[PDB]
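**Q** got an experimental structure here, sequence first:
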Amino acid sequence: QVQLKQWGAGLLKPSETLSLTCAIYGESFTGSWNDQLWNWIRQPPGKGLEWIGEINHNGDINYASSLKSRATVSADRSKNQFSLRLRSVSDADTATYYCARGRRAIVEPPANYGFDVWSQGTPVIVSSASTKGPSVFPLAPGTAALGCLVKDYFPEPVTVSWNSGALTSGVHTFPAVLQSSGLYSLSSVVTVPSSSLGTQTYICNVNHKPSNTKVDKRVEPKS
Amino acid sequence: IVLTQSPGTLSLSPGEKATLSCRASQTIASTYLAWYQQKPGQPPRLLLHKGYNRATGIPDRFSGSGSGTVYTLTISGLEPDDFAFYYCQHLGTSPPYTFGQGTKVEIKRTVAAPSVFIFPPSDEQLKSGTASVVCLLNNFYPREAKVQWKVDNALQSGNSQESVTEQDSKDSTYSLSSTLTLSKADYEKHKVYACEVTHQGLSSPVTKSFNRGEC
């Protein structure tokens, strides 16, 4: 039962060196038939999979062309671990980073020429920001829309609820966006009947655990 | 080797047959082609390796076919767990390795136009020195939508950010926010703020607007 465990700092200031290590459990570094391939892969926000680099059983190391200068891949065979370093990180390097086990074996072993085991990944986010609670501003209203703008916080996540979490029907809490300032921002909206704006109170409850921010914000129609 | 997947988005109902395509820029042997499934927030998962062989534990409804420069992943009867992203990969005799750009398999449903709402910056935010304007597109299908910001009839560019929800579990629609950011100073120099929405469900673009400072 092979497993990969990954650790390393995921919140990086720009120009720092990303450093990740994976630990192998259930398999040896080379393998019974000297076929193991230890690989690094990243997934930028909203984009597909991009191969980064590999160190194989024989110690051969190879990198993708666009990263070969800035990246280093290594292994500590004594501890069944392998690592990735990536220097001078920028917004371009924000991604989820995975390690994975592949094999090129030459009863055939399972998953030959495939990446069958993956770590849980590390979300790597590049920002010069420190921990910061969000500002919460109202987005004021047959159907009426209202919401809250949850702006300028770091890092993820924020939880947003409406009336303490009772209200979820018609609620849309949008995936946060990283602004150019290094700070996140998102909005949470709900569509409600116009005829309820005078009988039902609408409050957005915003929790940001990293800053211990807790904000209850009544969103009322403007007059 | 450049792997090009098509279609970008595949829209189907549960139980239908799904056919996903991966075209290589050059001929490659089937030994070196693999397929992966990935749901958001989760690591990828190997489905097929060596073109046609299922990985351990993979259900019989997944199968592979093809040769030469075109390979195919077929799902014979989509189950709710199968709506996800799919990637092909070229794992040859040596690095470098390449992935396709991905295909998304979504739930098909009838076209739905978005409801459009615009929100001026709140007085609380303006007191802070920033001005954010939010355009909301509620419960629409398909996901493809165009949102253009106009300020005093000038098309805005590079000062807006979009966010889209995942497909709804109840009605299979999407929702989208577009946020236009300007300094409080620039916000007060202009009068008409408008977001123009184009979507397959609208017979013509819908514009929602406000005049700065009007009740």
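**A** Right, received. Where do you want to start? Numbering: from 1, shown residues only, chains lettered A, B, ... in the order given.
**Q** is it correct that residue B:43 is in contact with residue A:117?
**A** No - the criterion here is CB atoms under 8 Å, and residue B:43 misses it with residue A:117 at 9.4 Å. (Each C-beta comes from the backbone N, C-alpha and C, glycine too.)
**Q** for chain B, give me its nearest residue in chain A.
**A** residue A:114 (3.2 Å; CB to the nearest CB).
**Q** you'd agree that residue is up against residue B:45?
**A** No - in this structure, residue A:114 is not within contact of residue B:45 by CB under 8 Å, at 10.6 Å.
**Q** which one's more surrounded, those two?
**A** Set side by side, residue A:114 and residue B:45 show more neighbours around residue A:114, with 26 against 16, by other CB atoms under 10 Å in any protein chain shown.
**Q** could you report the distance from that one to residue A:134?
**A** Distance, residue A:114 to residue A:134, using CB to CB, to the nearest Å: 42 Å.
**Q** next: residue A:166.
**A** 22 Å.
**Q** the residue nearest in space to the middle of chain A: helix or strand, and which one exactly?
**A** Nearest residue to the geometric centre of chain A (CA atoms, centre = their mean): residue A:123, 3.3 Å. Assigned by DSSP states H and E, residue A:123 belongs to strand A:122-126.
**Q** show me what that strand is packed up against.
**A** strand A:11-12, strand A:95-103 (3 or more CB pairs under 8 Å, 6 or more residues apart in numbering or on different chains; DSSP states H and E).
**Q** contacts for it, please.
**A** A:6-8, A:10-14, A:18, A:20, A:42, A:89-91, A:93-97, A:155-156, A:178 (CB atoms under 8 Å, 6 or more residues apart in numbering or on different chains).
**Q** whichever residue of chain B sits closest to chain A - how many residues pack around it?
**A** Closest residue of chain B to chain A, CB to the nearest CB: residue B:49 (3.2 Å). Residue B:49: 28 surrounding residues under other CB under 10 Å.
**Q** now residue B:156: closest residue in space, sequence neighbours ignored.
**A** residue B:149 (3.8 Å; CB to CB, 6 or more residues apart in numbering or on different chains).
**Q** burial count for the one you found?
**A** Applying other CB under 10 Å, I find that residue B:149 has 19 neighbouring residues.
**Q** sorry, back to before: residues contacting the residue of chain A closest to chain B?
**A** If you count contacts by CB under 8 Å, 6+ apart, then residue A:114 has A:102-103, B:34, B:46, B:48-50, B:55, B:91 around it.
**Q** same thing with residue B:98?
**A** A:51, B:1-3, B:89-90.
**Q** can you tell me the centre-most residue of chain B?
**A** residue B:143 (6.7 Å).
**Q** break chain A into its domains for me.
**A** A:3-126, A:135-218 (curated CATH domains).
**Q** how far does the first one sit from its chain's centre?
**A** When you say that, I think you mean domain A:3-126. Relative to its chain's centre, domain A:3-126 lies at 16 Å (CA atoms, centre = their mean, to the nearest Å).
**Q** how long is it end to end?
**A** 28 Å (CA to CA, to the nearest Å).
**Q** still on that earlier bit, list phi and psi for the residue nearest to the residue of chain A closest to chain B when sequence neighbours are not counted.
**A** Excluding the flanking residues, the one nearest residue A:114 by CB to CB, 6+ apart is residue B:49, at 3.2 Å. Backbone torsions for residue B:49, taken as degrees, to the nearest 10, come to phi -140, psi 150.
**Q** pretty sure residue B:49 sits against residue B:34.
**A** Yes - assessed by CB under 8 Å, residue B:49 is found in contact with residue B:34 at 4.6 Å.
**Q** what's the overlap in contacts for the two?
**A** A:113-114, B:91.
**Q** any chance of CSV for those, columns distance to residue A:144 and secondary structure?
**A** Output for those, formatted as CSV (distance: CB to CB, whole Å; DSSP: H, G, I helix; E, B strand; the rest coil):
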residue, distance to residue A:144, secondary structure
A:113, 56, coil
A:114, 52, coil
B:91, 53, coil
